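Residue numbers (the entry's author numbering), protein chains in the order written: chain C, 1 to 116; chain B, 1 to 116; chain A, 28 to 77.
Below is one structure; the comments refer to it alone.
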Amino acid sequence: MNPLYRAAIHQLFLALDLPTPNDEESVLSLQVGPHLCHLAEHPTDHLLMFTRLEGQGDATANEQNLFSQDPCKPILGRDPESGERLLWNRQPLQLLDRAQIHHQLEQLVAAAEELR
Amino acid sequence: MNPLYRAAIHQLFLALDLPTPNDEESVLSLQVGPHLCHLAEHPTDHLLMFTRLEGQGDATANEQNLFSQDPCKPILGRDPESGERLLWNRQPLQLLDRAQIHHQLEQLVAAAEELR
Amino acid sequence: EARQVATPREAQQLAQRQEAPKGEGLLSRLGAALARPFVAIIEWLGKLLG
């Protein structure tokens, strides 16, 4: 676990009133209501967040996949050798504050709920 | 324009060996082989590169729209109003030295080349 | 309403997925030039981005 990522994860967990983790397990998981969300550093110095969709619709996928003013707007993709649909966003860590780390997760959960 | 955006554009033009452009408000366009590509600051302090496609590729939940290890891997989305399909990527100006801005455009064009 | 849970094995794998590099030498091969597309495209792009 690189220091920027560790610091970012600790900022997020503070914002979530959670016991700061843990081992230095790189990939973390959070259950936020109905949504199982995964956090990773991928690649180095980037905070990736993603959630697998459990049989939502994707009729709105191509609108979801257009850029907006918000770099954290999630993108809806599919694992080619699994068929699973994943909603994801990512920010570089060389730039962030806590409000911006929490915001990334807000955006992820919101899009998953609002999808389609 | 934003001095930091102008400076990034300057680096890209050195990388591509093009005559340096004058401060043009809004969107710069480049012809890279058969691909017409556009560059803009969007949002503030980020560089958005994109190319308008016709019917090629998959803008829905697909492999192109899944993250990889390279943050410049472009995304294929679609404006719901005009229906225009746009392949795009984005980088924060803070991360874009000459090599990296060159890399951003190259990854955009690489996907445009592949897509049928 | 958030709890930390164990990471499923497949999520671990997804979180480090690699694709092979692409487009190496591609910009040098295709070449690049400034473009002057229809004013209409430029103006529309400005409204789209705003």
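Where a beta carbon is used, it is the ideal one built from N, C-alpha and C, also for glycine.
Interfacial residues, the segment 45 to 69 of chain B to chain C, with Cβ spacing under 7 Å: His46, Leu48, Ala59, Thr60, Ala61, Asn62, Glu63, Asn65, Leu66, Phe67 and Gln69
CB contact check: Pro35(A) to chain B, cutoff 8 Å: no
Assuming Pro3(C) is part of the alpha helix (DSSP H), what are its boundary residues? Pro3 to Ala15
Within its chain, find whatever has a CB closer than 7 Å to the CB of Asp23(B); leave out the 5 residues flanking it on each side and keep chain order. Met1 and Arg6
Roughly how many angstroms separate the alpha carbons of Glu63(B) and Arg78(C), rounded to a whole number? 5 Å
Using a threshold of 8 Å, state whether the C-beta atoms of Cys37(B) and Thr60(B) are closer than that. no
For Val32(A): DSSP bridge partner residues: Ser29(C)
Between the Cα of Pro19(B) and those of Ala60(A), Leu75(A), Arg30(A) and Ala47(A), spot the shortest distance and give me the residue it belongs to. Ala60(A)
Does the CB of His38(C) have a neighbour CB from chain A at under 8 Å? yes
Rounded to whole angstroms, what is the Cα-Cα separation between residue 152(C) and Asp17(B)? Lying outside 1 to 116, the shown extent of chain C, residue 152(C) is not represented and no answer is given.
Is it the case that the Cβ atoms of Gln43(A) and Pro21(C) are separated by a distance below 8 Å? no
Any beta carbon of chain C sitting closer than 8 Å to that of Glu70(A)? no
On the DSSP bridge assignment, give the partners of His35(C) in chain order. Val32(C)
Please decide whether residue 132(C) counts as near chain B, where near means a Cβ-Cβ distance under 8 Å. Since the first residue shown for chain C is 1 and the last is 116, residue 132(C) is missing from the structure and cannot be characterised.
Leaving out the 5 sequence neighbours to the left and right, which residues in its chain are closer than 7 Å to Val32(C) when beta-carbon positions are compared? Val109
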